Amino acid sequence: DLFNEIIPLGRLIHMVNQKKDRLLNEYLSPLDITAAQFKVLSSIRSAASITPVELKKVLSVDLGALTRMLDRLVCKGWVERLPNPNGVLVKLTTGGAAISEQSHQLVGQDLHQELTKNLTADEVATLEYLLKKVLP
């Protein structure tokens, strides 16, 4: 169906990313957390502690939308706000770290399987290889 059409790479990545997110939300639901919440927790996890400004920059949504999201995450008791040595820093609580780990573990196996169902082991390798080549 799509295999008659010449579709720009931008849209294809968009489309494939939408699919990733839908799968993420599906597999995450047992833990009562959304794709969006997951991604924000992960960005904080990897920075350890991070400026909302910076976090805004690293996630590419709007400044207000993130403040609101952080509000919820804080209420959920997964994130906490802090004065940094200067401005505020955000960082995972214990419970944030745990749900992020559980979150990652619940989701990784099923996601791979679903994303690659229609691909050869060799096609998978090629696609990964070529995706990297875009990044530099």
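Quick note: we count residues from 1 along the sequence shown, nothing fancier.
Unmodelled stretch from the deposited sequence between residue 86 and residue 87, which bin: none, 1 to 3, 4 to 9, 10 or more? Unresolved stretch here: 1 to 3 residues.
Which is higher on mean Cα B factor in this entry, 53-61 or 66-74? Mean CA B-factor is higher for 53-61.
Pick between 125-133 and 4-12: the one whose mean CA B-factor in the entry is higher. Mean CA B-factor is higher for 4-12.
From the list 97, 111, 106, 44, select the residue with the highest C-alpha B factor recorded in the entry. It is 106.
Splitting the chain's C-alpha B-factors into thirds, which one does residue 48 fall into? Within its chain, residue 48 is a middle-third residue by C-alpha B-factor, going by the deposited values.
Within this chain's modelled residues, let me know which third the CA B factor of residue 93 belongs to: lowest, middle or highest. CA B-factor rank for residue 93: lowest third.
Which third of the chain does residue 79 land in by C-alpha B-factor: lowest, middle or highest? Its C-alpha B-factor, which the entry lists for residue 79, ranks in the middle third among residues of this chain.
Using the temperature factors of the C-alpha atoms in this entry, rank residue 28 within its chain: lowest, middle or highest third. Highest third of the chain for residue 28's C-alpha B-factor.
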